[PDB]
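Below is one structure; the comments refer to it alone.
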Amino acid sequence: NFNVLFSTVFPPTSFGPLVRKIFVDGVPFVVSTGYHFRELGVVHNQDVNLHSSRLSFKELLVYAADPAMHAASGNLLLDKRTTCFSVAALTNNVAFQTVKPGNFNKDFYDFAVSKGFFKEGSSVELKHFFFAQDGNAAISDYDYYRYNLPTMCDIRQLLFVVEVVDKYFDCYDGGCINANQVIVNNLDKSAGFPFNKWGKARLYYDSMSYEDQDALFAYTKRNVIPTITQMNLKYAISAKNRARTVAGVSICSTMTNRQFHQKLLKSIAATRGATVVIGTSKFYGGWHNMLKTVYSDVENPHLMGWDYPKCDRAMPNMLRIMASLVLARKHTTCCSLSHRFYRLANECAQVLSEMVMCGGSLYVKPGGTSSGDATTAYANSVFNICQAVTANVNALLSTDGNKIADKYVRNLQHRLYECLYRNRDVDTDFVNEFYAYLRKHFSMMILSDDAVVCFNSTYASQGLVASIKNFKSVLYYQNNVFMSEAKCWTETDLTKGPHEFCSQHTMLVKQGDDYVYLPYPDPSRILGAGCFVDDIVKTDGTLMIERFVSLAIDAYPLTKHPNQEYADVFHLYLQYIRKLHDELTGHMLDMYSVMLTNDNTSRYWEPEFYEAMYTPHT
Amino acid sequence: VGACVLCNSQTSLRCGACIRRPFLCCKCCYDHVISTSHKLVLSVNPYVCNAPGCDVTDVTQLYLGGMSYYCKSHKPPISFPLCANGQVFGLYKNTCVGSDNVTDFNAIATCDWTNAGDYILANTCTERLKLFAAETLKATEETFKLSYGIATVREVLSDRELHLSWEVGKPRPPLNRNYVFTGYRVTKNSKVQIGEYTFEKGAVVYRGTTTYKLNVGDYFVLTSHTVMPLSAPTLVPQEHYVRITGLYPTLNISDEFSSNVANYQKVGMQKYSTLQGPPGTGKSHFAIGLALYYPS
Amino acid sequence: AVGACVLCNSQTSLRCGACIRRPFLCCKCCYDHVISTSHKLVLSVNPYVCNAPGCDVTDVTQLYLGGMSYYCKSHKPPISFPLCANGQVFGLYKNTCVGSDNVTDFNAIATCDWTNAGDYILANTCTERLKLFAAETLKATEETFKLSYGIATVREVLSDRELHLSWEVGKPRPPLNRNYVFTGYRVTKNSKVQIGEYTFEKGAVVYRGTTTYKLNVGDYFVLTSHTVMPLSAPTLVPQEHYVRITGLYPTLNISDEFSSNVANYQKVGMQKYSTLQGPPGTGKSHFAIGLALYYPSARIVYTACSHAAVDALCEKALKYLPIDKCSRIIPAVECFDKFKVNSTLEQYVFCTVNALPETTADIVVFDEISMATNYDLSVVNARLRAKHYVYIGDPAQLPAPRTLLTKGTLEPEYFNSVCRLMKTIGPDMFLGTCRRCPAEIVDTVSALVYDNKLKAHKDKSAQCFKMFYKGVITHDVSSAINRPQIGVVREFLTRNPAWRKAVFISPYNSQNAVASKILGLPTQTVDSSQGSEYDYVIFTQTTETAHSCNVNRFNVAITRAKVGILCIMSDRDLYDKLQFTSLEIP
Amino acid sequence: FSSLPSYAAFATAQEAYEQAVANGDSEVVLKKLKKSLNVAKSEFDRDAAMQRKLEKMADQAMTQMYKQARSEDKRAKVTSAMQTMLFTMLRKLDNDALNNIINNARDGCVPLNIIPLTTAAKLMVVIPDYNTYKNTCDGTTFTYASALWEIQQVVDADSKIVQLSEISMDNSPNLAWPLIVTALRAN
RNA sequence: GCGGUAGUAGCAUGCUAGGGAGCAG
RNA sequence: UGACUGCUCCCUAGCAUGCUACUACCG
Ligand SMILES: [Zn+2]
Ligand SMILES: [Zn+2]
Ligand SMILES: [Zn+2]
């Protein structure tokens, strides 16, 4: 925290790696041998070999994934487009990259109007399109970091909000695992900068054996490896034209953050009934069980979504650290201590200050999450719980405690001040007393930051818990953004669920003979995804009857809806599958001289298939 | 995804050992292969057992199976032998007619283009098959015309005299006016431009097309391209119209060529005029006097 | 990890790890060699061993495939599999292999451990592929033979040419000098430092080295090993005489300082591999030198097996030849850089295979052939490509230290390929312009071994004298002093001073390093001093062994002088065949 | 599957059973033909029923080791490429001014974001528009990082060349605008 | 007589791996 | 140029389990 302040005053051409010319086989290179962060001071390597006749394979790796050689051998660069401190350049011609538009899928369109859709005046209307972008969009989007400032965070209350967040994450378990128990789905996804000229993560997950990956992972627990990072433009339907960009970290960062965190990660994505809800399906009546855990019992509930504007670029850096210090608090035995530190420092050197390669030209990335590492969707969740708690502590201190009526929240605030400022060490007695109160009057539920918060009310109306002016305050002074009170709702009713969570409203239909909460999407969304595809192969439908099935699986709960044209979306989709099939079949019958003889495809175009997936049994 | 040349049947197979590897049709494909030395067939993918590292060449020996192909020494037993029933399995598996007149079809494709008898055999077929024979002719020509070397001049001497060699062993060309031996110089990496020449006997006499100079280790060929398949008939649909209607039959003819309209009137009432006329016999005068018999 | 098999060319993946070099073995031939020998380990993409928890057994035939590991008898689960079977061990491409009746040769070379000359009869007598693999294993045997010598650790430095030199325990001390081009290193603490490259003699250890230093304490010196690397290219290429002198450019004018040298430049301009039958010192150092000017437009590569053998070739280069387009690389032993460093693309180029990059030329010269190994020739054919090839010297000289020979001698034509090629295919070329020797030894070589092609050169000027003496022998560690010859030194040096101002040739230069303390004639190793010999020398037999008593040691000993050297050939082979005057003991 | 050991026993026994059907003798002939058959079939119960799983296991393991040899060649290819990239990208390190700026530091350690800024031998500056173009790379020389730079060529978006005569205010809005100036280090 | 066990099909369940596609942050 | 993570459908392959009948052989 202190270093974060005392490190504005010094110059910014003296942060980053260090280097030093080492001689391998009587030839000199440059290689990183430390770091200088704005927070954690200086950090020196520990296994530097001033000579070597031959480098192995692990070596070759950790020397070609480094900025030092590339940068220290490249033409200078001055970039007058941004404010971010550029660094070097590699090519001789900068590269300007663009984004194409969608593809029209006509036959679905005529078939869609035949049934009488898109009548000027209707309630469903195209809205999600494939927006285009010109040349310099990549960099005019990278630029947005200039919303990320150095921030000092208050401390005698961060050192308490961190207890309570940890208490939330307590039922779980985790530790280091070995290089033969990791699990990696989809093994042909890119490997990041220096390596993606040779092949996908597969090739570097083979050639490196098991004791290799173990030498490597138990090596960077006494070292530091700076890394690069491409920057990529997404290409996907959307309702706004500011392009989206996602950071493709290089292999030798994941290939160790995995082995480090995997167990805790896959033990969050397999517990039901807690606060975080990653890994809890909504099908087969999961959504109902979510929304019925939240309403646990709180006496006069409401609800209360909210949203952070520009979340992954405006995030301070103290809160990213605190995230990692709560995700690595389980290794009380697997790892020692200086092991834990060189691991934290390796994270901060790879995904909170690395050397973005946006274009053909290294830069520097001030702070804030990189949303493509190997522990985002949980880092964001713990940061989110952080904001919720600290809004509670502000809301509970800042109250004229002479008018408070009870006699238990009075003493709660008294000892909250004591243990907050007049104390230096923990008090797990009172941390427990608080967290109990806090989960009796403020249940929550937290995906990767889209929250819902069924707060008791007749408190939050005398400021004994959060509200939303309080999230306004906190976001302001501790995250530096203004949370415009026009994307934060508040259902005052519960028989209808939350106005929106994971971007899906919620209808209390009455199926079987009882009442459930199916979750429907957004008619324009489903239609749009029907009409606009990427590639001319998505277009032709007969080849891909497998999309319309899924889209119809998602567009089902619209059938029970009250408004009309909604339900007609579903029926359109069913008749469309029927047409697709019974045309393909004969079509292939002619050029053949036979075709389909054994069916029960007829289940695809009647609703009693699609209905199975919203009744609790599988 | 087109038609074999003698069945008007869309197919999707491709013979193995041929020139361009032509389109063949299931049964018709069989009647091509089983009556010559063709021993593999290519489709949307080629027909070869995809058991890793396997090595299988004759279609017959394979068998289908799961979403792939296999082979006796590698397959799963739940086979389905391809070359079966006298009809090798592939798209359009039913609608195919095949033919017995194939060893002439084959002869057209299975003429090594060494014989004037092969020319008689190209004279022995029809329109699809004849355009086919012609393209096979062109292709065999071109794969022979690239059987010579690359005329590398290392030591420059005078214009039309140099110290010329070649690459290694590759034979010597009939150096007359047949070969425009054009040069491709080398500067650093790429083979680029000595220019278009014509080599004769020296000290080696060349004929620089555009004004050109010679270098060192830079050489000369006639790099080939891609003769492609055709469509419409070489001889048009012959139909001498009932009349020469729909044109502008002007009255005033340059009569210096008093044999010209004597055929213009027969040509204006005839599609194709492929005539026997000796050299300089009112033919070079013919069309240009037609230019006055028909300026429109 | 895949590749051709060393016998069948059949694409395989088996490695007869029981040998030292691990060659690639076809399945069927892997059987054949595992059967009639003790080759009982074969590695594929794994080692074939019952990797049961704590087993050990290592026999392909004896091993049983079990599930996915491997097992022998007491380990296999119920579902198992004879690895050995059908005469075809279980390795990739089991269905593609040609076998070979030729297997006893392989069994031999695997079994034959290089100890007698019959071993070398083998090496020369098999297939190009198999003699190639042989020569490689040969070098393996040599690196296990010679690094099986002590570590010359000078613990104390006395002066110049006398040191207190020690070794490791038990590991034997090498003999003498030339076959032992030493290169010492000094300790620091955790690592080693340079010292220098030497040639080693006894005392106190007198030395006459190739490099220097400031020699200190613990100064250890080694005959450093290396790694004999695969011999991809052959040793020699199959030739042909060309219809024309193509690839080369005919000259019309030419300096006829070399007469019968253009007559052979012409025949090599049309034939690939070639070599002259020219006696020691006959203007070969003028032959290719004049050739360089003969076709004033050809790429010549100048080489020999030793950097100190390319002496003469390096002298007259910058004399006859122009000074510009000549080149020879010198590795950081210091050699003749009167050419230039790092300049492949120069019309004239020199050096020895010990250090030169991959290249390609047109004409090839190679001296120092009688002491060549097929391994070297292989290197040569691997480093460059040309159109015609010339190997310089004659076979009928000294061969390299075939040290693992401990019995029968190796015959000349059996040294390397060209050796058997120059008597049965015959001499591609020959030099007769024998500008070196008088009338005695010219006819002596001609009617002695050197196939009666050299005539009487110049005059009998009278200085080589010979007796009918005896001389008693004595030995030591691996050398021989001879007091009944060190006395005979002065005993003959009596009557005329035309002896005293000479050099003292010796079989084992302990005798010279000691008798120079009496007189002072130079220490000379008989091995590779041809071309670095004096026109007037002295020789003493010192030893009556085959190292002295052959037929080809004295033809590299009486060729050296001009018309004068003491030929005490008291040894009991070659005496009453050559004729001189017999001056009694005086 | 047609050449196993016990196949011969089966062949003789059931050829004999058919010889007995050819004679057609007693009912004890049936006792024979029905204990022989069933026992001889109790043979193939095992022969062509086990070796057929042995071939499964065999060819399976063989294909696995094929795949492994493939992976192991890929390792070699990637190593060779990475290595040659390093040993061709080092040669431009400019080993002089560097050599100085290292051998002066407290100990070898000199933050990276100054090695190019003080030793690089070429600038490349990107400009959005004219009004900013003036306040830097104007004319034929500018200074930045306090070394003296001299322009020598200018491109633009489409990668072509413009002469520094053309970048006024009037001829501005015809310039693919993010001009990319490529200077050199002048002493 | 009843069970034994062994080969042969047939069905279901589950687990594995590889393939195609969809949605959410 | 194609990031990490979660849920879901569809088509092959393999293993296990059971279900399964027909044959067997023994008691
Ligand atoms: Zn750990
Ligand atoms: Zn056909
Ligand atoms: Zn196959």
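Within each chain, counting starts at residue 1; across the structure tokens, chains are named A, B, ... in the order shown, with ligands numbered 1 upward in that order.
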
> Using only C-alpha atoms (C1' of nucleotides) and all ligand atoms, what are the residues with an atom within 10 Å of ligand 1, set out as a ChimeraX atom specification?
Replying inline: /A:174-178,217-218,221,259-261,328-337,339-340,343

Write a file of the just-selected residues containing N, CA, C and O atoms, as an mmCIF file, in the first residue's frame.
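Generated file (again02.cif):
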data_model
loop_
_atom_site.group_PDB
_atom_site.id
_atom_site.type_symbol
_atom_site.label_atom_id
_atom_site.label_comp_id
_atom_site.auth_asym_id
_atom_site.auth_seq_id
_atom_site.Cartn_x
_atom_site.Cartn_y
_atom_site.Cartn_z
ATOM 1 N N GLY A 174 -7.944 -26.651 -1.288
ATOM 2 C CA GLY A 174 -7.039 -26.513 -2.405
ATOM 3 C C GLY A 174 -5.590 -26.711 -2.008
ATOM 4 O O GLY A 174 -5.251 -26.804 -0.835
ATOM 5 N N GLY A 175 -4.745 -26.764 -3.018
ATOM 6 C CA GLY A 175 -3.339 -27.016 -2.812
ATOM 7 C C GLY A 175 -2.626 -27.186 -4.125
ATOM 8 O O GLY A 175 -3.217 -27.163 -5.198
ATOM 9 N N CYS A 176 -1.313 -27.322 -4.039
ATOM 10 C CA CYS A 176 -0.550 -27.614 -5.232
ATOM 11 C C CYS A 176 -0.887 -29.014 -5.703
ATOM 12 O O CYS A 176 -1.118 -29.917 -4.906
ATOM 13 N N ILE A 177 -0.933 -29.193 -7.016
ATOM 14 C CA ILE A 177 -1.111 -30.512 -7.602
ATOM 15 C C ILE A 177 0.102 -30.806 -8.459
ATOM 16 O O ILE A 177 0.993 -29.971 -8.605
ATOM 17 N N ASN A 178 0.153 -32.005 -9.013
ATOM 18 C CA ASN A 178 1.324 -32.406 -9.768
ATOM 19 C C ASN A 178 1.040 -32.391 -11.253
ATOM 20 O O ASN A 178 -0.106 -32.314 -11.683
ATOM 21 N N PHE A 217 7.639 -25.753 -12.938
ATOM 22 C CA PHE A 217 6.754 -25.140 -11.964
ATOM 23 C C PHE A 217 7.397 -25.035 -10.593
ATOM 24 O O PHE A 217 7.026 -24.175 -9.801
ATOM 25 N N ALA A 218 8.348 -25.890 -10.278
ATOM 26 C CA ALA A 218 8.909 -25.750 -8.947
ATOM 27 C C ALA A 218 10.167 -24.923 -9.063
ATOM 28 O O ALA A 218 10.902 -24.733 -8.093
ATOM 29 N N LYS A 221 9.372 -20.803 -8.430
ATOM 30 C CA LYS A 221 8.920 -20.546 -7.088
ATOM 31 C C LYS A 221 10.129 -20.051 -6.340
ATOM 32 O O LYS A 221 10.139 -19.971 -5.114
ATOM 33 N N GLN A 259 -1.245 -25.614 -12.582
ATOM 34 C CA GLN A 259 -0.782 -26.502 -11.532
ATOM 35 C C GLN A 259 -0.842 -25.858 -10.181
ATOM 36 O O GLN A 259 -1.022 -26.548 -9.186
ATOM 37 N N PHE A 260 -0.730 -24.563 -10.110
ATOM 38 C CA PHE A 260 -0.866 -23.943 -8.819
ATOM 39 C C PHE A 260 -2.301 -23.958 -8.316
ATOM 40 O O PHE A 260 -2.550 -24.518 -7.252
ATOM 41 N N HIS A 261 -3.261 -23.404 -9.060
ATOM 42 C CA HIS A 261 -4.584 -23.114 -8.520
ATOM 43 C C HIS A 261 -5.631 -24.172 -8.811
ATOM 44 O O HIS A 261 -6.708 -24.134 -8.203
ATOM 45 N N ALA A 328 -4.506 -17.638 -2.504
ATOM 46 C CA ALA A 328 -3.342 -18.457 -2.189
ATOM 47 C C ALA A 328 -3.143 -18.525 -0.698
ATOM 48 O O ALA A 328 -2.019 -18.493 -0.214
ATOM 49 N N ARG A 329 -4.232 -18.580 0.033
ATOM 50 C CA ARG A 329 -4.178 -18.699 1.467
ATOM 51 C C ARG A 329 -4.403 -20.122 1.921
ATOM 52 O O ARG A 329 -4.430 -20.380 3.123
ATOM 53 N N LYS A 330 -4.558 -21.047 0.991
ATOM 54 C CA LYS A 330 -4.801 -22.434 1.327
ATOM 55 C C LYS A 330 -3.523 -23.226 1.495
ATOM 56 O O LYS A 330 -3.507 -24.190 2.260
ATOM 57 N N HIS A 331 -2.459 -22.849 0.812
ATOM 58 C CA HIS A 331 -1.213 -23.576 0.928
ATOM 59 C C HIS A 331 -0.534 -23.394 2.262
ATOM 60 O O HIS A 331 0.598 -22.924 2.304
ATOM 61 N N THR A 332 -1.173 -23.746 3.363
ATOM 62 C CA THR A 332 -0.457 -23.628 4.623
ATOM 63 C C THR A 332 0.586 -24.722 4.753
ATOM 64 O O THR A 332 1.476 -24.639 5.602
ATOM 65 N N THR A 333 0.487 -25.758 3.933
ATOM 66 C CA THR A 333 1.390 -26.899 4.005
ATOM 67 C C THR A 333 2.081 -27.211 2.694
ATOM 68 O O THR A 333 3.254 -27.577 2.692
ATOM 69 N N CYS A 334 1.377 -27.104 1.572
ATOM 70 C CA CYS A 334 1.981 -27.502 0.316
ATOM 71 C C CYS A 334 3.192 -26.644 0.002
ATOM 72 O O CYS A 334 4.234 -27.165 -0.399
ATOM 73 N N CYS A 335 3.094 -25.337 0.216
ATOM 74 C CA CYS A 335 4.173 -24.400 -0.062
ATOM 75 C C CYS A 335 4.625 -23.736 1.228
ATOM 76 O O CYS A 335 3.900 -23.692 2.218
ATOM 77 N N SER A 336 5.842 -23.211 1.221
ATOM 78 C CA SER A 336 6.404 -22.671 2.450
ATOM 79 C C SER A 336 6.010 -21.226 2.676
ATOM 80 O O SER A 336 4.889 -20.946 3.101
ATOM 81 N N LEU A 337 6.944 -20.305 2.429
ATOM 82 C CA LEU A 337 6.654 -18.882 2.449
ATOM 83 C C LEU A 337 7.317 -18.121 1.326
ATOM 84 O O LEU A 337 6.608 -17.643 0.442
ATOM 85 N N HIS A 339 8.338 -19.290 -1.046
ATOM 86 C CA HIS A 339 7.689 -19.895 -2.195
ATOM 87 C C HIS A 339 6.402 -19.166 -2.527
ATOM 88 O O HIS A 339 6.131 -18.841 -3.690
ATOM 89 N N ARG A 340 5.607 -18.865 -1.512
ATOM 90 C CA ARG A 340 4.366 -18.169 -1.784
ATOM 91 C C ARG A 340 4.640 -16.783 -2.321
ATOM 92 O O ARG A 340 3.951 -16.310 -3.232
ATOM 93 N N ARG A 343 5.702 -16.760 -5.885
ATOM 94 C CA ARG A 343 4.565 -17.055 -6.748
ATOM 95 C C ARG A 343 3.690 -15.831 -6.964
ATOM 96 O O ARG A 343 3.334 -15.501 -8.100
#

Per-residue nearest contacts of chain B to ligand 3 (12 Å; only C-alpha atoms and all ligand atoms) as a tab-separated table:
residue	atom	partner	partner_atom_place_in_ligand_line	distance
B:47	CA	ligand 3	1 (Zn)	9.9
B:48	CA	ligand 3	1 (Zn)	6.6
B:49	CA	ligand 3	1 (Zn)	3.7
B:50	CA	ligand 3	1 (Zn)	6.3
B:51	CA	ligand 3	1 (Zn)	5.8
B:52	CA	ligand 3	1 (Zn)	8.4
B:53	CA	ligand 3	1 (Zn)	8.4
B:54	CA	ligand 3	1 (Zn)	4.9
B:55	CA	ligand 3	1 (Zn)	5.6
B:56	CA	ligand 3	1 (Zn)	5.0
B:57	CA	ligand 3	1 (Zn)	8.5
B:58	CA	ligand 3	1 (Zn)	10.0
B:59	CA	ligand 3	1 (Zn)	10.1
B:60	CA	ligand 3	1 (Zn)	11.3
B:61	CA	ligand 3	1 (Zn)	8.4
B:62	CA	ligand 3	1 (Zn)	6.8
B:63	CA	ligand 3	1 (Zn)	8.8
B:64	CA	ligand 3	1 (Zn)	10.4
B:65	CA	ligand 3	1 (Zn)	11.8
B:68	CA	ligand 3	1 (Zn)	10.8
B:69	CA	ligand 3	1 (Zn)	7.8
B:70	CA	ligand 3	1 (Zn)	4.9
B:71	CA	ligand 3	1 (Zn)	3.7
B:72	CA	ligand 3	1 (Zn)	6.5
B:73	CA	ligand 3	1 (Zn)	6.2
B:74	CA	ligand 3	1 (Zn)	5.1
B:75	CA	ligand 3	1 (Zn)	6.5
B:76	CA	ligand 3	1 (Zn)	10.2

Selection to disk with N, CA and C atoms, as a compact mmCIF listing (two decimals), in the first residue's frame:
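Contents of selection30.txt, freshly written:
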# COMPACT_ATOMS: atom_id res chain seq x y z
N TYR B 47 -8.94 -42.03 -51.00
CA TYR B 47 -9.34 -43.30 -50.42
C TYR B 47 -8.08 -44.01 -49.96
N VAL B 48 -7.80 -43.91 -48.66
CA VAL B 48 -6.61 -44.50 -48.05
C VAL B 48 -6.87 -44.70 -46.56
N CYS B 49 -6.43 -45.85 -46.06
CA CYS B 49 -6.74 -46.24 -44.69
C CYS B 49 -6.12 -45.26 -43.73
N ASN B 50 -6.95 -44.58 -42.95
CA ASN B 50 -6.46 -43.63 -41.97
C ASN B 50 -6.29 -44.27 -40.60
N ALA B 51 -5.76 -45.47 -40.57
CA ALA B 51 -5.13 -45.96 -39.35
C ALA B 51 -3.71 -45.41 -39.28
N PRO B 52 -3.36 -44.64 -38.23
CA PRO B 52 -2.09 -43.89 -38.22
C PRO B 52 -0.90 -44.68 -38.73
N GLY B 53 -0.13 -44.05 -39.61
CA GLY B 53 1.06 -44.67 -40.14
C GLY B 53 0.81 -45.81 -41.10
N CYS B 54 -0.45 -46.12 -41.38
CA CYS B 54 -0.72 -47.21 -42.30
C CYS B 54 -0.23 -46.89 -43.70
N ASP B 55 -0.16 -47.90 -44.57
CA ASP B 55 0.27 -47.71 -45.95
C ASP B 55 -0.52 -48.61 -46.89
N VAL B 56 -1.52 -48.04 -47.55
CA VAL B 56 -2.41 -48.79 -48.41
C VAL B 56 -2.71 -47.99 -49.67
N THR B 57 -2.64 -48.68 -50.81
CA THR B 57 -2.65 -48.01 -52.10
C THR B 57 -3.81 -48.41 -53.01
N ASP B 58 -4.19 -49.68 -53.07
CA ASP B 58 -5.29 -50.09 -53.92
C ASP B 58 -6.60 -49.90 -53.18
N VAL B 59 -7.56 -49.27 -53.85
CA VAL B 59 -8.87 -49.07 -53.24
C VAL B 59 -9.44 -50.41 -52.80
N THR B 60 -9.44 -51.39 -53.70
CA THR B 60 -10.01 -52.71 -53.46
C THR B 60 -9.72 -53.21 -52.07
N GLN B 61 -8.47 -53.17 -51.67
CA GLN B 61 -8.04 -53.67 -50.39
C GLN B 61 -8.67 -52.94 -49.22
N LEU B 62 -9.22 -51.75 -49.42
CA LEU B 62 -9.78 -51.08 -48.26
C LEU B 62 -11.20 -51.51 -47.99
N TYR B 63 -11.70 -50.97 -46.89
CA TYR B 63 -13.02 -51.23 -46.36
C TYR B 63 -13.39 -49.96 -45.66
N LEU B 64 -14.67 -49.69 -45.60
CA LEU B 64 -15.12 -48.49 -44.93
C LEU B 64 -15.15 -48.80 -43.45
N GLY B 65 -16.11 -48.24 -42.74
CA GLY B 65 -16.24 -48.54 -41.34
C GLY B 65 -16.78 -47.36 -40.59
N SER B 68 -14.65 -42.96 -41.42
CA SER B 68 -13.31 -42.99 -41.95
C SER B 68 -13.20 -44.17 -42.88
N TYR B 69 -11.98 -44.48 -43.27
CA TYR B 69 -11.69 -45.65 -44.08
C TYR B 69 -10.65 -46.46 -43.32
N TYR B 70 -10.50 -47.73 -43.66
CA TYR B 70 -9.51 -48.58 -43.02
C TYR B 70 -8.92 -49.57 -44.01
N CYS B 71 -8.33 -50.65 -43.50
CA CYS B 71 -7.64 -51.59 -44.36
C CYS B 71 -7.49 -52.94 -43.68
N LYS B 72 -7.34 -53.98 -44.50
CA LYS B 72 -7.30 -55.34 -43.97
C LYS B 72 -6.29 -55.45 -42.84
N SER B 73 -5.04 -55.09 -43.11
CA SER B 73 -4.00 -55.20 -42.10
C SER B 73 -4.12 -54.17 -40.99
N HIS B 74 -5.17 -53.32 -40.99
CA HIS B 74 -5.34 -52.33 -39.94
C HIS B 74 -6.78 -52.13 -39.49
N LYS B 75 -7.77 -52.67 -40.22
CA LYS B 75 -9.15 -52.20 -40.09
C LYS B 75 -9.74 -52.58 -38.75
N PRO B 76 -10.93 -52.09 -38.42
CA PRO B 76 -11.82 -52.85 -37.59
C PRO B 76 -12.52 -53.88 -38.44

> If you count only C-alpha atoms (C1' of nucleotides) and all ligand atoms, which residues end up within 8 Å of ligand 2, as number ranges by chain?
Replying inline: B: 3-9, 11, 24-29, 96-99

Store the residues picked out above in a file with N, CA and C atoms, as a CSV table (one decimal), in the first residue's frame.
chain,number,residue,atom,x,y,z
B,3,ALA,N,-19.6,-34.1,-63.6
B,3,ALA,CA,-20.0,-35.3,-64.3
B,3,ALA,C,-18.8,-36.1,-65.0
B,4,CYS,N,-19.0,-37.4,-65.0
B,4,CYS,CA,-18.1,-38.2,-65.8
B,4,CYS,C,-18.3,-37.9,-67.3
B,5,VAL,N,-17.4,-38.3,-68.1
B,5,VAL,CA,-17.4,-37.7,-69.5
B,5,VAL,C,-18.3,-38.6,-70.4
B,6,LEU,N,-18.8,-39.7,-69.9
B,6,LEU,CA,-19.7,-40.6,-70.8
B,6,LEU,C,-20.9,-41.1,-70.0
B,7,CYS,N,-21.4,-40.3,-69.0
B,7,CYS,CA,-22.6,-40.8,-68.4
B,7,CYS,C,-23.6,-39.7,-68.0
B,8,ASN,N,-23.3,-38.4,-68.4
B,8,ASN,CA,-24.1,-37.2,-68.0
B,8,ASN,C,-24.5,-37.4,-66.5
B,9,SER,N,-23.7,-38.0,-65.7
B,9,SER,CA,-23.9,-38.2,-64.3
B,9,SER,C,-23.0,-37.4,-63.5
B,11,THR,N,-20.8,-37.0,-60.5
B,11,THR,CA,-20.2,-38.0,-59.7
B,11,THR,C,-19.3,-37.3,-58.7
B,24,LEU,N,-14.9,-39.5,-62.7
B,24,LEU,CA,-15.4,-40.8,-63.1
B,24,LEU,C,-16.6,-41.1,-62.2
B,25,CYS,N,-17.4,-42.0,-62.7
B,25,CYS,CA,-18.7,-42.3,-62.0
B,25,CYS,C,-18.7,-43.7,-61.5
B,26,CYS,N,-19.0,-43.9,-60.2
B,26,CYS,CA,-19.1,-45.1,-59.5
B,26,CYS,C,-18.9,-46.3,-60.4
B,27,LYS,N,-20.0,-46.9,-61.0
B,27,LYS,CA,-19.9,-48.0,-61.9
B,27,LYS,C,-19.0,-47.6,-63.1
B,28,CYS,N,-19.3,-46.5,-63.8
B,28,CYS,CA,-18.5,-46.0,-64.9
B,28,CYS,C,-17.1,-45.9,-64.5
B,29,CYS,N,-16.8,-45.4,-63.2
B,29,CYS,CA,-15.5,-45.4,-62.7
B,29,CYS,C,-14.9,-46.8,-62.8
B,96,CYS,N,-26.2,-44.0,-61.8
B,96,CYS,CA,-25.1,-44.0,-62.7
B,96,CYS,C,-25.4,-45.1,-63.8
B,97,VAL,N,-24.9,-44.8,-65.0
B,97,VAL,CA,-25.2,-45.7,-66.1
B,97,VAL,C,-24.0,-46.5,-66.5
B,98,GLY,N,-22.8,-46.0,-66.3
B,98,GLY,CA,-21.6,-46.8,-66.8
B,98,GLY,C,-21.7,-47.0,-68.2
B,99,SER,N,-20.8,-47.8,-68.8
B,99,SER,CA,-20.7,-48.1,-70.2
B,99,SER,C,-19.7,-49.2,-70.5

>> as a PyMOL selection string, please: every residue in chain D that a backbone DSSP assignment puts in strand (DSSP E or B).
In response: chain D and resi 125-126+141-144+147-150+154+180-181+184-186
